[PDB]
Amino acid sequence: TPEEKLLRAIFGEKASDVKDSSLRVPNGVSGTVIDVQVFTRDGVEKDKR
Amino acid sequence: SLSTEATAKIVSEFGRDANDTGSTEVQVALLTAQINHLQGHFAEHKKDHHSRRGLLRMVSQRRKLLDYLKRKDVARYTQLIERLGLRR
Amino acid sequence: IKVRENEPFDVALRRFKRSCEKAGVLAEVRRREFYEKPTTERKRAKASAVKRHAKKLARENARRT
Amino acid sequence: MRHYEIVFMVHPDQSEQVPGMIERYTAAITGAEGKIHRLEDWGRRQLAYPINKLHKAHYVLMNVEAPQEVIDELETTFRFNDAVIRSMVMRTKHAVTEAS
Amino acid sequence: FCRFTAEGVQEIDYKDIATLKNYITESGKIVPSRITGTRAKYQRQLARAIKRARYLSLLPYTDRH
Amino acid sequence: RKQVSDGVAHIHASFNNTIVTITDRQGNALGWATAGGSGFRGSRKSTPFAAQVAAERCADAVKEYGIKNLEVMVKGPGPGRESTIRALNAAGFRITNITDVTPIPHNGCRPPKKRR
RNA sequence: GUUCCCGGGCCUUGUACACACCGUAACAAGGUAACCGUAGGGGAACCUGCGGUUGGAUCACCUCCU
RNA sequence: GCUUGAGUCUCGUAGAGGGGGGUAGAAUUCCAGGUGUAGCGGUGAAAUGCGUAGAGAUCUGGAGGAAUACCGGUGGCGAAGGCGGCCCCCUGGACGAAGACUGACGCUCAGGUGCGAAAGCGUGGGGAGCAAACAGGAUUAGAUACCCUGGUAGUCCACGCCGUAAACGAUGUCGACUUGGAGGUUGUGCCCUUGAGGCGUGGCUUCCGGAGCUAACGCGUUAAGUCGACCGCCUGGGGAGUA
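Residue numbers (the entry's author numbering), protein chains in the order written: chain 03, 896 to 944; chain R, 1 to 88; chain X, 4 to 68; chain I, 1 to 100; chain U, 10 to 74; chain N, 12 to 127.
See the structure below:
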C-alpha cells in the first residue's frame, strides 16, 4: 500500500518484504529430531550450524 | 532537584511518622531546606532574572505559613522556631 | 550530492541535488537575515495548508454537480 | 554512585599502546568505587572526516559506574591526552551490556 | 504502519549507526517527523544523538567539504 | 601541460554571473569561462544560454591539457546549474561524476542583502 | 485555434473612496506593505539599523515523477 | 473541631528557561606560497572601486568576530519580556499514580520593590558582515531618497544610569460552572505495551460550531457566555499622552 511504500523506503532495505514461510513440524505428530541432513550451497558454505 | 537523603532525615526528626509531612512544623522545614540549598545559587552567577521568581514565590509561601501557625498554635510555633531555628 | 552511474545515462542526472535542497538554503543565506520574516509568511502558508484539507472536506460531503 | 557512559576514541598510532592506557584509567575507578559495564573494542574502524590528515580511528567504549568528582577530573585528563582526541560523558539512567 | 515502531521502545541509542542510515539520506540530510511514520519525540531524539555522532566522527557533516 | 586527466571544473553561478574555473585536484588552475566574459551584459547574463556559451568557453582552453573523465564540482545554484553541466555532457565530455560539493554554512556570519 | 490585439459581460479580490482614481510617504502588492517603541540626521515628508504584530497581497503559471 | 480550597514530601519525565566558562566545524574579510585570466561586481540601466604593484576564482596552514541551515512542528519553557549546536555544575516553574496532615494558612491594590527587547551614554577591550551623519556616479527640473562601493556611532563580553513600546492572542488576575470533531505537544493508571492501541485525567495552543453575549465580524472549556472578590481607565475630536 502507498502508506507502506514510503515507510518501506525508510525503515531499511527489507522492512515488510521478507515473511515467515518456514517448514513446520507436520500437523499431528509428536516425536524427536535426532539427525539433521544439511546440504550447503554448491560453492558457498552456510553460516555456522 | 533537592537532596533526598538530607530532607528525609528532616521528616524523620520533626514527624511523628515517616509519612507525616502534612503538619505545619514539618512542611516549613522542608521549605527552609530548599532555601538552605538555594543560598548556593544566590551567591554566584549574578544574572538570574528567571530564578528570582522562585525566591519571591517560596518566601511568600513561607512567610504566611508561619503567619498562621503563629495565629493558632503558639505551642508548636515557639517549639518550631526552637527546633530548627527558622526565626533567624 | 554525488551522482555517478557508470554507463546508462546519456544525461547529467542532478535530481537528488534538487531533491536535497538546492534553493532550500540558497533562499535562506543569500540575503539579509531579518529574523521574524519566515514566521509571519509561514502563518499565511499554514492557514492555506489547512485550506486544501478544508477543500478535501469540501468535496466529500456533497458535490452533486 | 553514578552511571557514566564514557565513550572516547584514539588514533591508530596509540592503538597499539592504548590497551595499557585503558588499564591507566580503569585503575582509578577500581581503587575508588567502581565497576565497568561495557568495555567495547571495535578496532581501527572507518572515521567520517579525516582528523586534519589521517582517517580511521580506534574506538574504545567504557560505560563504567563511577563517582562524579573523579570523572570530572578524569575528563580533564581526556582533554589533554594524545591518544584520546574526542570523548563524551553521560548522565545516569540505565547500564548497558550488549550493544552488538 | 510498520513492524519497527511496534517493537521500538525507549530511546534509540547512538552506538552502532546501521539503523541511523534508516533515518538519514545518503547525503547527510535528516527526515522530518512527518514523512517518517514516527512521533516527533523519537525522530527528534535520534537527531540529537546524530549531532553527537558528528563530535565522535561516526557520521560527517555534509558528504564532502 | 600539467599532465592532467581529472579536470575539476568548478562551476559557480552567483546570481547574474556564471563563472566556471577549471583546475586540478591539487588546485593548479587551467583557466576560466564566463557568461559575462563572453558578452551578454544585462539580464542576458542571467540566462543559461549565456551559461551555455560559458560551458563552451570552458569546453576550450583545455585542448592543450586534455581533460577526459572530468569532475563537475557545482556550487551556486543561480543562473547556471542546468544548461551548463548539460553543455559539458554535450561538448564531448565523459563526466566520471557530477559533484554538488556544497559546504553550506550554518549561517554563522551575516550575509549581504538584496531585493527590498 | 484563443495563447497576440481593441471594445463588452459574468464570477472574484481590494479600498481611511462614495463630493465615487515643494514631494507621492499610506489607500490595488500604490509597482518600496503598514504602525507602535528608540537614537540620530536632513528645507521637509520620511529614511537607515534593531525588536514585535497582523489593524497586509497572489498563491495563479512554466519545466519534471505516478 | 471536620473536609471538596491553598501548600509540601516520598517516587519520575521533558524542555530556543535563565546563568559563568570552555570547545568543534563550515562560510566571510584578510596574509604567505604554486597555477592562471582580463574581467569581477551591480542594477530596469549606468557608475564609484579593484586590475601587468596581477583582483574575482582554486588547494593547504591560520588569527580576531558574531551567529547556529537541515532535526523545525497556528511546537516547547515563562509572571511577562524574550529566547534555537555540545559539555560540566547550579537551579526556578509546570504536571501525574497511591498515601500522610495543620485545617480556609485564600485573592488583590494607592505610597513601595523587582524584571525590562532594542537603543543612548560612561569605562577596560573590539570591529569579519551590515550600516545613522557624509562623499562619488545616476533615476530626476532637484537629493541630503529605492541601488552599489567605502565608512564614524552601534552591534558583542562585564558593571550601572534615564527606566521606555503595537511590552498586542489589543482580551487584567485567583477560581467554579457550560452538548463535540480534526489535532499537535508532554507524562501517567488499567487490560495480553501480543501490535502501529481502546477507556479517563491536567498544562499550553490553533480552526469550525450550540448555549449566551453582540453594532457586526465572530469569541466559544485558552472566551468577548455565567457570578463573586481586587485595581486602573473614559465622559466627542484636537490641544496632548506635551510644556
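C-beta atoms are modelled at their ideal positions from N, C-alpha and C, and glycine is treated no differently.
Per DSSP, what are the beta-bridge partners of residue i in this structure?
| i | result |
| --- | --- |
| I39 (chain U) | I33 (chain U) |
| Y59 (chain I) | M9 (chain I) and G43 (chain I) |
| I30 (chain N) | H23 (chain N) and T45 (chain N) |
| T110 (chain N) | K5 (chain X) and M84 (chain N) |
| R105 (chain N) | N80 (chain N) |
| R2 (chain I) | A66 (chain I) |
| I36 (chain I) | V64 (chain I) |
| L54 (chain I) | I51 (chain I) |
| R86 (chain I) | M9 (chain I) |
Output the distance between the C-alpha atoms of residue i and residue j, rounded to the nearest integer angstrom.
| i | j | result |
| --- | --- | --- |
| residue 96 (chain R) | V28 (chain R) | Outside the shown range of chain R (1 to 88) lies residue 96 (chain R), about which nothing can therefore be said. |
| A44 (chain N) | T32 (chain N) | 7 Å |
| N52 (chain I) | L67 (chain U) | 16 Å |
| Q14 (chain N) | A66 (chain N) | 22 Å |
| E13 (chain R) | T92 (chain I) | 30 Å |
| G42 (chain N) | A72 (chain N) | 7 Å |
| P67 (chain I) | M21 (chain I) | 20 Å |
| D942 (chain 03) | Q932 (chain 03) | 15 Å |
| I10 (chain R) | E16 (chain I) | 54 Å |
| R44 (chain I) | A99 (chain I) | 18 Å |
| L31 (chain R) | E69 (chain I) | 28 Å |
| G17 (chain U) | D25 (chain U) | 16 Å |
| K50 (chain U) | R61 (chain U) | 17 Å |
| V920 (chain 03) | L902 (chain 03) | 34 Å |
| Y70 (chain U) | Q37 (chain N) | 23 Å |
| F19 (chain X) | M1 (chain I) | 50 Å |
How about residue i: is its C-beta nearer than 8 Å to some C-beta of chain U?
| i | result |
| --- | --- |
| residue 103 (chain I) | Given a span of 1 to 100 for chain I in the structure shown, any question on residue 103 (chain I) remains unanswerable. |
| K25 (chain X) | no |
| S917 (chain 03) | no |
| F906 (chain 03) | yes |
| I115 (chain N) | yes |
| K5 (chain X) | yes |
Around the Cβ of residue i, are there at least 16 other Cβ atoms within 10 angstroms (buried) or fewer (exposed)?
| i | result |
| --- | --- |
| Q46 (chain I) | exposed |
| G91 (chain N) | buried |
| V939 (chain 03) | exposed |
| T76 (chain I) | exposed |
| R944 (chain 03) | exposed |
| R17 (chain X) | buried |
| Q39 (chain R) | exposed |
| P11 (chain X) | exposed |
| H11 (chain I) | buried |
Just checking: is the beta-carbon of residue i within a distance shorter than 8 Å of some beta-carbon in chain N?
| i | result |
| --- | --- |
| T71 (chain U) | yes |
| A15 (chain X) | yes |
| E36 (chain X) | yes |
| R67 (chain X) | no |
Is there a Cβ from chain I that is less than 8 Å from the Cβ of residue i?
| i | result |
| --- | --- |
| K30 (chain U) | no |
| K38 (chain U) | no |
| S66 (chain U) | yes |
| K24 (chain U) | yes |
Using a Cβ cut-off of 8 Å (strictly closer), state whether residue i contacts chain X.
| i | result |
| --- | --- |
| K60 (chain U) | no |
| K125 (chain N) | yes |
| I33 (chain N) | no |
| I22 (chain N) | no |
| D111 (chain N) | yes |
Please indicate yes or no: does the CB of residue i lie closer than 7 Å to some heavy atom of the ligand FAD?
| i | result |
| --- | --- |
| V924 (chain 03) | Of the ligands one can find in the structure shown there are none, so the ligand FAD has no counterpart to examine. |
Please check if any C-beta of chain 03 sits within less than 8 Å of the C-beta of residue i.
| i | result |
| --- | --- |
| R53 (chain U) | no |
| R48 (chain U) | no |
| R43 (chain U) | no |
| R63 (chain U) | no |
- Item | Three-pair Cβ contact test at 8 Å for the region 900 to 917 of chain 03 versus the region 31 to 46 of chain U | Yes: the two stretches touch, three or more of their Cβ pairs being nearer than 8 Å.
- Task: Spell out a yes or no on whether the region 54 to 62 of chain N and the region 26 to 45 of chain N are touching, meaning 3 or more CB-CB pairs, one atom from each, closer than 8 Å.
- Result: Contact holds: three or more Cβ-Cβ distances are below 8 Å.
- Query: Are the region 26 to 41 of chain I and the region 79 to 88 of chain I in contact at 8 Å, needing three or more beta carbon pairs?
  - Reply: The answer is no - the region 79 to 88 of chain I does not touch the region 26 to 41 of chain I, with fewer than three Cβ pairs under 8 Å.
- Query: Would you call the region 85 to 105 of chain N and the region 62 to 80 of chain R in contact, with 3 or more CB pairs under 8 Å?
  - Reply: Touching, no, given that fewer than three Cβ pairs across the two stretches are closer than 8 Å.
- So does the region 56 to 63 of chain I actually touch the region 41 to 50 of chain U, counting three or more Cβ pairs closer than 8 Å? Touching, no, given that fewer than three Cβ pairs across the two stretches are closer than 8 Å.
- Message: Three or more C-beta pairs under 8 Å: does that hold for the region 30 to 38 of chain R against the region 55 to 65 of chain R?
- Response: With the cut-off at 8 Å, the region 30 to 38 of chain R and the region 55 to 65 of chain R touch.
- Message: Quick check: the region 5 to 22 of chain R against the region 62 to 71 of chain R, are at least 3 beta-carbon pairs closer than 8 Å?
- Response: The region 62 to 71 of chain R makes no contact with the region 5 to 22 of chain R: fewer than 3 CB pairs, one atom from each, lie closer than 8 Å.
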